[PDB]
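Input: a single structure, listed below in structure tokens.
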Amino acid sequence: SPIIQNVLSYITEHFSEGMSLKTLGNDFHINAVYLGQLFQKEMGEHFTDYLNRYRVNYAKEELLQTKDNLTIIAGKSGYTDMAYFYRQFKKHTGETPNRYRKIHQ
């Protein structure tokens, strides 16, 4: 099992919890800088950009499947910084969260 496979699978299991190269490095006992570099090499993008797309893809479905609160949904998607969530959702869907909800729900 190459390291990259283990990390990719780990994201699927834990995407909603606090996660970074540093927490992954600690969990896997592997140098965090190297983990980031290996990720950039194999995936063609930064770890955080992959993780944001993954989280936003969850958020966008949760926004349509529920009438639950937006901040609550961001929390369930792995965001604690709401300004950051707002930026990231816009980046990965092309729309603001509540606009996306409006167009598609």
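By order of appearance in the structure tokens: chains A, B, ..., then residues from 1 within every chain, and ligands from 1 in the order shown.
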
If DSSP is run on the backbone, what residues of range 4-104 of chain A are alpha helix (DSSP H)? A reply as a PyMOL selection string would be ideal.
chain A and resi 4-14+21-28+32-43+47-65+70-76+82-93+97-104

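Among the candidate residues A:46, A:53, A:34, A:22, the one lying nearest to residue 91 in chain A is A:53, with distances computed using only C-alpha atoms.
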
Exercise. Residues at most 12 Å from residue 102 in chain A, counting only C-alpha atoms, excluding those fewer than 2 positions away in the same chain, as a PyMOL selection string?
Worked result: chain A and resi 60+63-64+67+95-100+104-105

Practice item. Within 12 Å of residue 49 in chain A, counting only C-alpha atoms, which residues show up once you throw out same-chain ones fewer than 3 positions away? Write them as number ranges by chain, please. Key: A: 20-21, 36, 39-40, 43-46, 52-56, 88-89, 91-92

Of A:87, A:41, A:76, A:101, the one sitting nearest residue 18 in chain A when using only C-alpha atoms is A:76

As a check of understanding: the span from CA of residue 4 in chain A to CA of residue 32 in chain A is 12.7 Å

Of A:93, A:78, A:85, A:69, the one nearest to residue 57 in chain A when counting only C-alpha atoms is A:93

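Ranking A:80, A:51, A:2, A:90 by their shortest atom-to-atom distance to residue 14 in chain A, with only C-alpha atoms included, puts A:51 first.
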
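Restricting the calculation to only C-alpha atoms, the smallest distance between residue 74 in chain A and any of A:42, A:94, A:16, A:37 is found for A:16.
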
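Proximity ranking of A:59, A:3, A:83, A:19 relative to residue 31 in chain A places A:3 first, based on only C-alpha atoms.
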
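Between CA of residue 38 in chain A and CA of residue 7 in chain A the separation is 10.6 Å.
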
As a check of understanding: the span from CA of residue 84 in chain A to CA of residue 9 in chain A is 24.4 Å
